[PDB]
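Trainee: model the following, please.
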Amino acid sequence: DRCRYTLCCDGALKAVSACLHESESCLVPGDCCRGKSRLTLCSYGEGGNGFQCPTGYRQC
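Mentor: Numbers count the residues shown, from 1 in each chain. Here you go, the structure:
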């Protein structure tokens, strides 16, 4: 079948849609929850291959 346009982050640009396959992965974004306000940005979390949230925010 044809690639499955997924939404990944470039790490330095802006989360967009890329033509990647299921056997392929990319820097997936993260939705930071703040009380009652959700937000989606690109940010990694010190460790290896995980996403984190900014100070004052949380994981959605």
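Trainee: report the central residue of the chain.
Mentor: In the chain, the residue lying closest to the centroid (C-alpha atoms, centre = their mean) is residue 29, at 0.6 Å.
Trainee: tell me the spacing between that residue and residue 19.
Mentor: As judged by C-beta to C-beta, to the nearest Å, residue 29 and residue 19 stand 17 Å apart. Using the backbone N, CA and C atoms, a C-beta is placed for each residue, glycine as well.
Trainee: what are the structural domain limits within the chain?
Mentor: Domain assignment for the chain, taken from curated CATH domains, gives 1-28, 29-60.
Trainee: residue 47 versus residue 36, what's the distance?
Mentor: Applying C-beta to C-beta to residue 36 and residue 47 gives a distance of 28 Å.
Trainee: repeat that for residue 37.
Mentor: Distance, residue 37 to residue 47, by C-beta to C-beta: 26 Å.
Trainee: got a list of what residue 59 touches?
Mentor: By C-beta atoms under 8 Å, 6 or more residues apart in numbering, the contact set of residue 59 is 30, 31, 32, 33, 53.
Trainee: could you report the neighbour count for the last one?
Mentor: Read it as residue 53. Close neighbours of residue 53, defined as other C-beta atoms under 10 Å, add up to 18.
Trainee: quick one on the thing from earlier: now the residue nearest to the centre of the chain: how far from residue 20?
Mentor: In this view, residue 29 and residue 20 are 14 Å apart by C-beta to C-beta.
Trainee: same check, this time on residue 31
Mentor: Distance, residue 31 to residue 20, using C-beta to C-beta: 20 Å.
Trainee: still on that earlier bit, more neighbours: residue 36 and residue 47, which one.
Mentor: Higher neighbour count among residue 36 and residue 47: residue 47, with 8 against 5, using other C-beta under 10 Å.
Trainee: on the three-state scheme, the more buried one is what?
Mentor: Following DSSP: H, G, I helix; E, B strand; the rest coil, the label given to residue 47 is coil.
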